[PDB]
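Below: one structure, written as structure tokens.
4 protein chains.
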Amino acid sequence: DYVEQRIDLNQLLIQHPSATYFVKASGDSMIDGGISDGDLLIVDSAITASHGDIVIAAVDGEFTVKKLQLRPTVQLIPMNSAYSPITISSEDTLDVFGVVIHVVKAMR
Amino acid sequence: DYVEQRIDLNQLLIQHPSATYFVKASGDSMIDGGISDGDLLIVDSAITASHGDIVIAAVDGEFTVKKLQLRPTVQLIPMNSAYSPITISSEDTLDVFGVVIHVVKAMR
Amino acid sequence: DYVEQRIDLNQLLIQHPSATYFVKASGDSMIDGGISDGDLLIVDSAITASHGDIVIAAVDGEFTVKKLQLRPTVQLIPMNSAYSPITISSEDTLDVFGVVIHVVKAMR
Amino acid sequence: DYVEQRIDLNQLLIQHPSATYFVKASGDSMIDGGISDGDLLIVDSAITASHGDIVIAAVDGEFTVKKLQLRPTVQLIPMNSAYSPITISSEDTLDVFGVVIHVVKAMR
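Chains as they are written, first to last, in full-length UniProt numbering: chain S, 32 to 139; chain R, 32 to 139; chain A, 32 to 139; chain G, 32 to 139.
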């Protein structure tokens with residue numbers, strides 16, 4: 032007879048469970064990226080950030096969810112035409128805490 | 032000492048696990064709604080559809096993910112200015128298979 | 032005198048009316064099975080799928096009408112020599128929505 | 032003759048340099064604790080949080096600097112009579128990112 036394999040979102044969405052956590056998006060600096068105020072960002076800290084990845088980082092002691100740009104220069108760029116990029120020069124401190132792998136949007 | 036309580040997406044996102052399943056969105060008839068081609072739609076079939084809910088439905092034997100409109104007339108309307116609404120008259124058969132509660136977008 | 036008992040297709044073809052629905056076949060992956068593009072598949076969801084039954088299922092969020100194979104391994108196999116079987120391994124999710132009990136072919 | 036051994040703040044203040052970072056304090060929910068808006072909090076993530084420790088934590092996806100209370104119940108309590116405690120029940124998710132070991136106040 033057939034057996035219904037019940038849905039398991041951790042197996043489907045999470046690769047490294049012991050290093051995965053969720054951060055709630057704030058503001059609309061990343062709306063064009065699909066990230067809106069209130070959404071859940073599933074963050075994996077066991078994977079190393081690359082050019083293009085959206086990361087949870089701390090610039091000069093302040094956290095933000097931005098798109099990592101390593102070339103031509105290290106920068107944290109938004110995905111909203113109204114916001115401006117953040118350059119990471121030598122007097123600044125960049126700290127990446129994980130790569131956002133999924134965005135969970137609620138509908139009701 | 033303190034002990035970390037690991038993330039559990041099922042507890043966080045699913046209410047009726049025995050009647051919840053995921054459908055993969057197709058095309059872009061629902062982009063303004065936040066649903067894009069490829070996204071996972073978490074569907075709950077244990078809740079009854081209401082006006083405004085985004086549902087997985089079959090109209091005349093063909094499946095679709097659309098927004099249910101019961102007033103002023105029963106219709107399945109997209110969320111893309113380029114697509115047109117579907118009226119459900121008496122010669123047509125509507126069949127709702129569940130309400131989309133969350134959209135999981137991947138960021139790689 | 033004789034009384035003509037008018038034809039009633041629901042009584043003749045449908046066993047569980049409250050759980051029976053119709054899906055329109057797509058493509059020709061099941062032509063050898065007698066299912067062709069456009070035909071109506073009368074689906075009963077109140078009956079549990081067995082080896083050999085033709086089912087409406089969702090594999091990784093995508094719907095299909097295929098023949099259920101449980102032995103020697105779970106597989107969704109077509110009925111067209113040109114199409115290839117689908118194995119349902121542990122990283123995959125199978126979801127059966129009902130057993131096709133009849134096929135309605137139109138003639139004009 | 033005598034040779035002066037220059038000051039080194041890392042040797043003096045940091046124990047695990049590979050897991051130490053600085054977070055800039057926000058608001059005044061922790062003023063009685065000596066932490067004021069703008070101060071640098073030197074955070075060590077290589078040490079496990081205990082009752083009484085001031086930690087950098089994320090409750091339901093939102094970051095905060097609070098005092099960890101494990102007894103009688105797990106709570107995140109401020110150090111400002113005007114703010115109220117945060118209980119961490121089962122429907123809530125606590126995530127500790129490190130213990131604050133020092134507060135650097137600037138005098139200009």
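We put the CB at the ideal spot given by N, CA and C, even for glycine.
Local Cβ density within 10 Å of residue 116 of chain R, reported as buried at 16 or more and exposed below that: With fewer than 16 other CB atoms across the displayed protein chains lying within 10 angstroms of its CB, residue 116 of chain R is exposed.
Reference residue 163 of chain R; option with closest CA among R:109, R:73, R:61 and R:62: Missing from the structure shown is residue 163 of chain R; chain R here goes from 32 to 139 and no further.
Best match in G:112, G:95, G:120 and G:46 for proximity to residue 133 of chain G [C-alpha to C-alpha]: Of G:112, G:95, G:120 and G:46, the residue nearest in Cα terms is G:46.
Beta-carbon neighbours of residue 93 of chain G, restricted to chain S and to distances below 7 Å: 55, listed in chain order.
Check whether residue 87 of chain S and residue 128 of chain S have beta carbons under 8 Å apart: With contacts defined by Cβ atoms closer than 8 Å, residue 87 of chain S and residue 128 of chain S form a contacting pair.
Contacts of residue 138 of chain S in chain R (Cβ-Cβ under 7 Å): Within 7 Å Cβ-Cβ: 85, 131, 132, 133 and 134.
8 Å Cβ cut-off: residues of chain R touching residue 146 of chain G: The structure shown has nothing for residue 146 of chain G, since chain G only spans 32 to 139.
Short Cβ contact (8 Å threshold) for residue 135 of chain S with residue 75 of chain S: Not in contact: residue 135 of chain S and residue 75 of chain S (Cβ atoms no closer than 8 Å).
C-beta neighbour in chain R for residue 44 of chain A, strict 8 Å: No, its Cβ sits nowhere closer than 8 Å to a Cβ of chain R.
Separation of residue 123 of chain A from residue 103 of chain A, as counted between CA atoms: Residue 123 of chain A has its alpha-carbon roughly 17 Å from the corresponding atom of residue 103 of chain A.
Cβ pair residue 66 of chain G, residue 96 of chain G closer than 8 Å: Yes, Cβ-Cβ distance for residue 66 of chain G and residue 96 of chain G is below 8 Å.
Residue 130 of chain A and residue 62 of chain A closer than 8 Å at C-beta: Contact flag unset, no.
Beta-carbon neighbours of residue 126 of chain A, restricted to chain R and to distances below 8 Å: For residue 126 of chain A, the C-beta contacts it makes with chain R under 8 Å involve 52, in order along the chain.
Closest by C-alpha distance to residue 99 of chain S, when choosing among S:83, S:110 and S:126: Taking only the C-alpha atoms, the option nearest residue 99 of chain S is S:83.
Contact with chain S by residue 71 of chain G, beta-carbon distance below 8 Å: True, the Cβ-Cβ gap to chain S drops below 8 Å.
Helix, strand or coil at residue 129 of chain G [DSSP, three-state]: Of the three classes helix, strand and coil, the one that applies to residue 129 of chain G here is strand, per DSSP.
Per-residue contacts from residue 100 of chain S into chain A (C-beta, under 7 Å): Taking a Cβ-Cβ threshold of 7 Å, none of the residues of chain A is close to residue 100 of chain S; the smallest such distance is about 33 Å.
Among R:92, R:64 and R:105, the one whose alpha carbon lies nearest that of residue 81 of chain R: The option with the nearest alpha carbon to residue 81 of chain R is R:105.
Within 8 Å, strictly: CB atoms of residue 68 of chain G and residue 57 of chain G: Judged by their CB atoms, residue 68 of chain G and residue 57 of chain G are nearer to each other than the 8 Å cut-off.
Status (buried if at least 16 other CB within 10 Å, exposed otherwise) for residue 60 of chain S: When all chains shown are included, residue 60 of chain S counts as buried.
Classification of residue 125 of chain A by the beta-carbon crowding that lies within 10 angstroms, buried from 16 upward: Of the other Cβ atoms in all chains shown, 16 or more fall within 10 Å of the Cβ of residue 125 of chain A; this residue is therefore buried.
Local conformation of residue 62 of chain G per DSSP, three classes: Under the three-state reduction of DSSP, residue 62 of chain G is assigned to helix.
Spatial distance of residue 37 of chain G from residue 43 of chain G (CA atoms): Residue 37 of chain G and residue 43 of chain G: Cα-Cα distance of roughly 12 Å.
Local Cβ density within 10 Å of residue 48 of chain G, reported as buried at 16 or more and exposed below that: Exposed.
Beta-carbon contacts of residue 108 of chain A that lie in its chain and below 7 Å, excluding the five residues immediately before and after: Excluding positions up to five away in sequence, the list reads 97, 98, 100 and 116.
Simplified DSSP state of residue 42 of chain R, which is helix, strand or coil: Three-state result, residue 42 of chain R: helix.
Element boundaries [beta strand (DSSP E), containing residue 86 of chain S]: Counting along the chain, the beta strand (DSSP E) containing residue 86 of chain S begins and ends at 85-90.
Own chain partners of residue 50 of chain G with C-beta closer than 7 Å, once the 5 adjacent residues on each side are dropped: Excluding sequence neighbours, residue 50 of chain G sits near 75, 76 and 77.
Residue 137 of chain S to residue 139 of chain R span [Cα, whole Å]: Each residue's Cα considered, the two are about 20 Å apart.
CA nearest to the CA of residue 112 of chain A, picked from A:54, A:64 and A:55: Checked all of A:54, A:64 and A:55; the closest Cα to residue 112 of chain A is A:64.
CB contact below 8 Å: residue 80 of chain G versus chain R: It does; some Cβ of chain R falls within 8 Å.
Cutoff 8 Å: residue 65 of chain R Cβ touching any chain S Cβ: With 8 Å as the cut-off, residue 65 of chain R counts as an interface residue toward chain S.
Assigned exposure category for residue 52 of chain R - 16 Cβ within 10 Å defines buried: With 16 or more other Cβ atoms within 10 Å, it is buried.
Where residue 113 of chain G falls: helix, strand or coil (DSSP): Looking at residue 113 of chain G - three-state DSSP - the assignment turns out to be coil, as it is neither helix nor strand.
Under 9 Å from the C-beta of residue 38 of chain R: neighbouring residues of chain S: For residue 38 of chain R, the chain S residues whose Cβ falls inside 9 Å of its Cβ are 41, 45, 48, 51, 52, 53 and 73, in order along the chain.
Residue 32 of chain R at chain G interface by Cβ criterion, 8 Å: Taking 8 Å as the threshold, the shortest C-beta distance from residue 32 of chain R to chain G falls below it.
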